[PDB]
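Peer 1: so I pulled this structure from the PDB, and the sequence comes with it:
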Amino acid sequence: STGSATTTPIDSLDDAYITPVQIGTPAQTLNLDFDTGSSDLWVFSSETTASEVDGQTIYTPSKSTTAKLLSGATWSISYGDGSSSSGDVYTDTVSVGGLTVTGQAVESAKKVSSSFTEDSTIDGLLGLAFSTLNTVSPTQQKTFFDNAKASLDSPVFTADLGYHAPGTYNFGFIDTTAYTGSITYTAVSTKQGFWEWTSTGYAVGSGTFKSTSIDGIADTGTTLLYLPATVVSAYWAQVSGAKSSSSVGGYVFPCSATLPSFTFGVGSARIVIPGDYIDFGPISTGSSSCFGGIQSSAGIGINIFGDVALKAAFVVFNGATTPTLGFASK
């Protein structure tokens, strides 16, 4: 089997992407944030604290003839930005782009952090990291991908995120028309439960490539590119007037600037992030200070290849017995 679904930015900055997902019988379509950095499929629901729901579409398990309470199961998750959610668990039929999993754990939120409440466009998250990170207790649950894997034509999914435009998540096949050149594959460590890999270096604009190993995770659920302070300083030093602002919470730059590109290495291959992808716009409405799309990972504890990086590539998440990650230009 295969599936193919379009993913759409939630706003004009590509702050996140939402993908429609069918849950239950009859189908209830919710728009979920597909998240290769976590492993829980959770939704706003009829059980979510009412004051914490603000425009989201909710899953109502009592209206699904295939929903079943997973008795005794609870979940609770915290993301690296401080966002969180928790609740109980149902199993139900879940379909993405024509690919159907029966008995999928659908984690119903009883509580969500304000950061989720305020995102009216995001009805929940669909985790695509390794199932070892799943937070359901006392019986850990499998991701949608893990459940689908054996039925898929090939045990892979691909992320093809757009810049200020829709893109595609495919399951079970590689669309050879969706990228240019060849796909370069690189090793993955699953020890921490993430799609963790090692970039071979970087370049700033038209500068020379610096060969250096940068361990990080491929995280579709993180907006920006978080890299070591040395790398990030080297980038922003090429933008007149750019500076790290403690009050704002990262690097800002004059909105009048033209940003240089940023290149990262994948083996001997190179992925180029155009400068425009690194512009996250005014820090507040009407400001001439703009927020940068490349930020320091210092104090996160891990480097994160988020959407800024991933949307410059066609990315293969290869879930074979020994997982790997593939990147192609597009």
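Peer 2: Structure received. Residues are numbered from 1 along each chain as shown.
Peer 1: what's the neighbour count on residue 261?
Peer 2: Neighbours of residue 261 under the rule other C-beta atoms under 10 Å: 18. (Each C-beta comes from the backbone N, C-alpha and C, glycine too.)
Peer 1: brain fart, residue 77
Peer 2: The burial count for residue 77: 21, using other C-beta under 10 Å.
Peer 1: toward the C-terminus, what is the element adjacent to the longest helix seen in the chain?
Peer 2: Secondary structure of the chain per DSSP state H: the longest helix is helix 229-236. Following helix 229-236 in sequence order, the next helix or strand is strand 243-245 (DSSP states H and E).
Peer 1: which positions in the helix or strand following that following strand come out as buried?
Peer 2: Sequence order places strand 250-254 as the next helix or strand after strand 243-245, per DSSP H and E. Using 16 or more other C-beta atoms under 10 Å as the test for burial, strand 250-254 gives 250-253.
Peer 1: stretch 263-281 now?
Peer 2: 263-266, 269-271, 273, 275, 277-280.
Peer 1: ok, residue 251 touching residue 232?
Peer 2: Yes. Under the criterion of C-beta atoms under 8 Å, residue 251 makes contact with residue 232 at 6.8 Å.
Peer 1: centre-most residue in the chain?
Peer 2: For the chain, residue 220 is the residue whose C-alpha lies nearest the centre (C-alpha atoms, centre = their mean; 1.8 Å).
Peer 1: give me the spatial nearest neighbour of that one, chain neighbours excluded.
Peer 2: residue 36 (4.4 Å; C-beta to C-beta, 6 or more residues apart in numbering).
Peer 1: what's the neighbour count on that neighbour?
Peer 2: Count around residue 36 with other C-beta under 10 Å applied: 28.
Peer 1: contact partners for the nearest residue to residue 151 once chain neighbours are set aside?
Peer 2: In this structure, residue 151 finds its nearest non-sequential neighbour in residue 1, 4.9 Å apart by C-beta to C-beta, 6+ apart. Contacts for residue 1 were tallied using C-beta atoms under 8 Å, 6 or more residues apart in numbering; they are 99-100, 148, 151-153, 172.
Peer 1: pull the CA atoms of stretch 7-23 into PDB?
Peer 2: The C-alpha trace of stretch 7-23 is given here as PDB (Å, rounded to 0.1, in the frame of the first residue of the first chain):
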ATOM      1  CA  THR A   7       0.800  19.500   3.700                       C
ATOM      2  CA  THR A   8       0.000  23.200   3.900                       C
ATOM      3  CA  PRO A   9       1.700  26.000   5.800                       C
ATOM      4  CA  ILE A  10      -0.400  27.400   8.600                       C
ATOM      5  CA  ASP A  11       0.500  31.000   7.900                       C
ATOM      6  CA  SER A  12       2.600  33.300   5.700                       C
ATOM      7  CA  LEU A  13       5.800  32.500   7.500                       C
ATOM      8  CA  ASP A  14       5.700  28.700   7.300                       C
ATOM      9  CA  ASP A  15       5.600  28.500  11.100                       C
ATOM     10  CA  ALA A  16       4.300  24.900  10.800                       C
ATOM     11  CA  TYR A  17       2.500  22.700   8.300                       C
ATOM     12  CA  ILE A  18      -0.800  20.900   8.600                       C
ATOM     13  CA  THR A  19      -1.900  17.700   6.800                       C
ATOM     14  CA  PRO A  20      -5.500  16.400   6.800                       C
ATOM     15  CA  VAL A  21      -6.000  13.000   8.600                       C
ATOM     16  CA  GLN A  22      -9.200  10.900   8.700                       C
ATOM     17  CA  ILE A  23     -10.000   9.500  12.100                       C
END
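Peer 1: hmm, back to that, wait, which of the contacts of residue 1 is closest to residue 300?
Peer 2: residue 148 (30.4 Å; C-beta to C-beta).
Peer 1: so what touches the host helix or strand of the closest one?
Peer 2: For residue 148, the element it lies in under DSSP H and E is helix 144-148. For helix 144-148, contacts defined as C-beta under 8 Å, 6+ apart pick out 1, 3, 41, 94, 96, 99, 101, 103-104, 126-128, 130-131, 157, 171-172, 317, 319.
Peer 1: just the buried ones from the residues you listed, in ChimeraX syntax?
Peer 2: Restricted to buried positions by 16+ other C-beta under 10 Å, the ChimeraX selection for the contacts of helix 144-148 reads:
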select :3,41,94,96,99,101,104,126,127,128,130,131,157,171,172,317,319
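Peer 1: helices - which of the contacts of helix 144-148 land there?
Peer 2: Per DSSP H, the contacts of helix 144-148 never map to helices.
Peer 1: could you give the angle of the longest helix of the chain to strand 250-254?
Peer 2: Interaxial angle, helix 229-236 versus strand 250-254 (axes from the mean of the first three to the mean of the last three C-alpha atoms, to 10 degrees): 10 degrees.
Peer 1: can you show me the CA trace of helix 229-236 as CSV?
Peer 2: The C-alpha trace of helix 229-236 is given here as CSV (Å, rounded to 0.1, in the frame of the first residue of the first chain):
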residue,chain,number,x,y,z
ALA,A,229,26.8,28.9,18.2
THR,A,230,30.0,29.0,16.1
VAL,A,231,28.1,28.1,12.9
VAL,A,232,25.3,30.5,13.6
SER,A,233,27.7,33.4,14.4
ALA,A,234,29.5,32.8,11.2
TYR,A,235,26.2,33.1,9.2
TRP,A,236,24.9,36.2,10.9
